[PDB]
Structure formats: C-alpha cells, structure tokens
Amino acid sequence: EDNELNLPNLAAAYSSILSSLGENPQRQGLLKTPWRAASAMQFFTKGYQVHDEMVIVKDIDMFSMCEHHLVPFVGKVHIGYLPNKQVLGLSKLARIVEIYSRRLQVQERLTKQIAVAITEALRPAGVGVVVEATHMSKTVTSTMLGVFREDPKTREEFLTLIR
C-alpha cells in the first residue's frame, strides 16, 4: 500500500530530475522513464518492506545503494557460521542479505547487520561475514564474531573456504 501511494511521488521527482538536466522528458525514450526510474528505486529499497560443522554460503550476489549519493553498488557476500543448537535454512541466509542490502546503505553497516541477524536468530558459536563490493579498487568489510574471531583455526578455515 505504501509503495503504490509513493510511486507517483517518486515518478514526479524523476520527471523533475530529467527536466533539471537540460533534457526533454517528452522524448520517445524518456516518456516512460519517470515511472521506470521510480519502480527501479522501489526495487533497490524493497528491504524496508522472517550439527557440529562449519556452514558457509559464498558468492551471494548483492545489490545495494549508496546512502550518500543514491548511486548503486554491486558486490558479493560470504557468510559462515558454526551452529550451537540452531541451524538456519540456506535459502534464509540469502533472504538476510536481501533484506539489508535493498536499502540506503553504507557497506560497514550492511555487514554488521547481516552478522547481527544471524547471531540473534541462531545464537551460534561464531559468525563470519565478508562483503566485497565495487562502489559506483574494491572495498572489503569483514565481521568475525565468537569462535570466528577468537579461534585462529576457525577464522583461517572460513577465509580459505570462501576462496
């Protein structure tokens, strides 16, 4: 309901942007652009709308938005954890990436959020979150909690297996 009500307001602002750039919004290729740009921005912010072995999900494709300039940034996320008593469904790990990445973000915050989500949900022995992105030269942010921070064997294993 919030998206359907805000969609016109976004398209109105996108039409204003086209006009403010010294461009004609009534052009053939630019007629549908305010609506399309609004729909795209809605998709990039849809997140605002859930054993005794190391479990890793590497190369998770991640699409987020720079909260400073409103320019997207793509990347990859590699999550790892050592369960205590609760295990998370591998599809749900990707949903955690998606909820936080589809938002006006900062890579450092986005990493911290994915690690905290896992920690709070499973209460595991250790968690490892690596985000490697190219912002529109790479930026790598890494969160190591529990046994992932304290155990050299555990951290070396996580870092090696995600390569």
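Each form is matched to the other, and the largest set of C-alpha atoms that superpose within 1.5 Å is called the rigid core. Don't overthink the numbering: it's just position in the shown sequence, from 1.
- In terms of root mean square C-alpha deviation after superposing on the rigid core in 4 other deposited structures of this protein, the stretch standing farther out between 97 to 105 and 52 to 60 is 52 to 60.
- A chain break between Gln26 and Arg27 is not present, all residues of the deposited sequence in that interval being modelled.
- Gap check for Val50 to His51: 4 to 9 deposited residues are absent from the model.
- Just going by the entry, 125 to 133 versus 30 to 38 on mean CA temperature factor gives the higher value to 30 to 38.
- For the pair 10 to 18 and 137 to 145, the record assigns the higher mean C-alpha temperature factor to 10 to 18.
- In the deposited entry, the Cα temperature factor of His69 sits in the middle third of values across the chain's modelled residues.
- The entry lists a Cα temperature factor for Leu82 that places it in the middle third of the chain's modelled residues.
- In the deposited entry, the Cα temperature factor of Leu110 sits in the bottom third of values across the chain's modelled residues.
- In this PDB entry, the Cα temperature factor of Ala94 sits in the top third of its chain's modelled residues, the highest group.
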